[PDB]
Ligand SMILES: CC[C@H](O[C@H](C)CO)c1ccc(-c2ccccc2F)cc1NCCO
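First, one chain by itself in structure tokens, the form solved without the ligand.
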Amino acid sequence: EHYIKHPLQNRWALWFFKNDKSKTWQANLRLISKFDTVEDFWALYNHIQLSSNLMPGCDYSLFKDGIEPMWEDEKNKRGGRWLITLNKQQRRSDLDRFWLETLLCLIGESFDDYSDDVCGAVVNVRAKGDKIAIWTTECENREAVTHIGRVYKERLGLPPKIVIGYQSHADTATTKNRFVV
């Protein structure tokens, strides 16, 4: 305890996406690093670019080790995402703050029992508008999905005027909201 790192409930992997139209979507997805302690998280976060600084067309994804940050994964294919859409003003005011909060919600296991329903999260840096999402494992788990949206919204400090939607990945890959908070 004067010398032991603070362990996380999960080992997490940080992924980076840079668009290269000559490659398949999946091939553009590169593992940055894995970590399983609070100290090791900050070490990685402190040395990497803020999302607000990435070239447009890039993502970060943070996923539980063993879960690939893509629809296709077993843990993702029946799942969906809580989506925060940001406008261009929010890149400045909210993107990096919201992304770090989302990271801390994941590594700290902030959704009680339903943190096991969390797969990971992704930040899309886009010229038309940035997005942050939390991916959950099963769009049919009404109580899980719904408790996660609620706590997450509180964590981001979004006002009651803002409404966020949950979309299944089935729909996204073929988008309507299954739930809002």
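Here the rigid core means the biggest group of C-alpha atoms that line up within 1.5 Å when the two forms are laid on top of each other. The numbering used is simple: start at 1 and walk along the sequence shown. Residues that one form lacks are left out of the comparison.
Below, we turn to the form deposited with the ligand bound, even though it does not appear here.
Transferring the ligand from its position in the bound PDB entry by superimposing the surrounding C-alpha atoms places at least three ligand atoms within 2.4 angstroms of backbone or C-beta atoms of the displayed chain; the site is blocked. For the marked spot (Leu14, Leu54 and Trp99), a heavy atom within 4.5 Å of the ligand in the bound PDB entry is present in each of the three residues. Interface membership of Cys105, defined by any non-hydrogen atom within 4.5 Å of the ligand in the bound PDB entry, is ruled out. The ligand in the bound PDB entry is approached by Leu44, whose closest heavy atom lies within 4.5 angstroms of it.
The ligand in the bound PDB entry comes within 4.5 Å of no heavy atom belonging to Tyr152. Taking non-hydrogen atoms only, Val125 approaches the ligand to within 4.5 angstroms in the bound PDB entry. Of the residues given (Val118, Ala144, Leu62, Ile67), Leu62 alone sits with a heavy atom within 4.5 Å of the ligand in the bound PDB entry. Heavy atoms within 4.5 Å of the ligand in the bound PDB entry are found in one stretch of 34-42, 152-160, 136-144, 108-116, which is 34-42. Once the rigid core is used as the reference frame, the Cα position of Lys23 differs between the shown form and the other one by 2 Å or more. Annotation: Cα of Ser52 displaced by at least 2 Å between the shown form and the other one, core superposition.
The distance between the CA atoms of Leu50 and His47 is at least 3 Å shorter in the bound PDB entry than in the form shown here. Contraction of the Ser52-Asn46 CA spacing by 3 Å or more is recorded in the bound PDB entry, set against this form. Fitting the two forms on their rigid core shows CA movement of 2 Å or more between the shown form and the other one over runs of at least three residues at 21-27, 49-53.
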